[PDB]
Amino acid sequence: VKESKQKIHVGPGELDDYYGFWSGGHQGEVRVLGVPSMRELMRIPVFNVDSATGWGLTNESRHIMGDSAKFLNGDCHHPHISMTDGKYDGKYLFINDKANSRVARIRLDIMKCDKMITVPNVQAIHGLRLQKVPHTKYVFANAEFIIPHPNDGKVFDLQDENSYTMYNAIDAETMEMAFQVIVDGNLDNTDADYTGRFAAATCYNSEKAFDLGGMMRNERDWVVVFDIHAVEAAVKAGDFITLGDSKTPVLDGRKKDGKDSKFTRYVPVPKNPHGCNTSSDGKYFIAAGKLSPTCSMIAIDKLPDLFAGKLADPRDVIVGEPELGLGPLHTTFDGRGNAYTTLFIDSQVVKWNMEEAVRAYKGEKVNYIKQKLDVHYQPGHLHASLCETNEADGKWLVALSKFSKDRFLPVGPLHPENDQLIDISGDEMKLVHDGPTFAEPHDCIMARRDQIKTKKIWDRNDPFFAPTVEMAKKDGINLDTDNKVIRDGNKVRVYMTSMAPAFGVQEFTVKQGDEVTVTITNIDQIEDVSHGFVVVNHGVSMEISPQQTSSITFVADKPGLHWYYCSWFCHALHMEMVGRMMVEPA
């Protein structure tokens, strides 16, 4: 007998116990919450354009985004923290972009997106998870949609032999592509084991159809399992192809005339399975059945035998398939032997014992279902604290539901999502908080307070703005001290320091049509004294936090006097922290 009775109120002056990193869904950002208060502490722009910080407007951010800076949107579902020996190391957060086919990396010491990649020769990055062991060497990412190769407009048929999608591995540290694996069917969600050898992904479109009925035709789709050791061996030996103008090694993981690839095995699983979740004891890949009212449990310790050809049937790695309820979508773990699964249709979270499900599969009469909790309403992902690590602590559970209906004040035709906090510390789940959120977070991830270490002020050598420091070097500029205007034909480069309540350059004059770059170094050393920079009626806006250098480029297309001001309230004389751009007529 142990009861669920954790404190939920975080009063003035008290601090949260966990960080929560919420995906922003089709709003495109990442949100940092405090747990258990469920208050949003910070927003990290990633695929959105952020008016406040200038992400998407500044030269530093557009350099990280590359050519994809032309997009103003993203759709990000699956945030994950890098690991060392199967435990969070607090270094990086990665997330997908389903809308423009990207993966982004966030540095958790500065809480900024510091790298972004457009995955080549695919459409729509959905599923994303990280290698756990020995550490996060690879980010694994699913491309969801089957497309022609090449996609040059000659062939549109998804049944053609060169229409397919690929599993993607990105080098976590360099954020360059490592390899791609062609698969049969498509790819939904993915997870990795606790050794580094295996990863797995659900497939819902084994039919390679484009219509709803066609995509639901097969009694079973599959989870495809990847022998990452085998893939690495083939890349190391150089036997791969490349596609288009991308140098990424491409390996063929499709079945050929019934014959298995070295790189993959296809484990039949009902039906349009969705979630793909590694148990924290590392025993199971658990696929949520969605259209089937089940989960399927793949025994990871049978996968070597499967790939060695020792097993008569790929279904032999299935060791449990418990019946849970209508519309299972995702599963998480308390570290105590229980799994917790969302039932989208029944609108519940079901708590069940994994080892008892395995014994039921053998035909033992044993009830593995422990409890069903109503949630509100239609849950998608759920996440228990540290569930993606061998330190899963069984304390907090968030169920992220898609219809809030009557749970909050009405706010028009568009409704918030309902992310509900559930106490799982004891024998019974207890619903303790309804958290409304914008734009459909899909998944979230929690970390202990002590697993995240952040900078209080920027380092002057930070790679985030090192290209800008390089530009300054070519102009002979010492960013820490200089207040100067460089003139270069019709280009103008303003460099200034800033120190509340004054910009270091408070007026400058240019010619109508000049392309103006303004670089600002915040030389305040007091924590929290951020500055801003807005040029009135020019669409220019950006953050400069303590010891940061930030820069932005715009064309002075309007003759006359044009004011600029500090947007970050920074001092009693904030309103007076202004300057003038004077534009001489053409």
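Start at 1 and count along the sequence shown; that's the residue number.
- Of the two stretches examined, 555-563 and 64-72, the record assigns the greater average C-alpha temperature factor to 555-563.
- In this entry, 33-41 has the higher mean Cα B-factor, the comparison being between 48-56 and 33-41.
- Comparing C-alpha B-factors across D89, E515, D316, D419 in the deposited entry, the largest value falls on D316.
- Of the candidates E364, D114, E173, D97, it is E364 whose Cα B-factor is highest according to the PDB record.
- Annotation for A586: CA B-factor lies in the highest third of the chain's modelled residues.
- Per-chain ranking of the deposited C-alpha B factor places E388 in the lowest third.
- When all modelled residues of the chain are sorted by CA temperature factor, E440 is found within the highest third.
- Among all modelled residues in this chain, the alpha-carbon of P134 has a temperature factor (C-alpha) in the middle third.
- When all modelled residues of the chain are sorted by CA temperature factor, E527 is found within the highest third.
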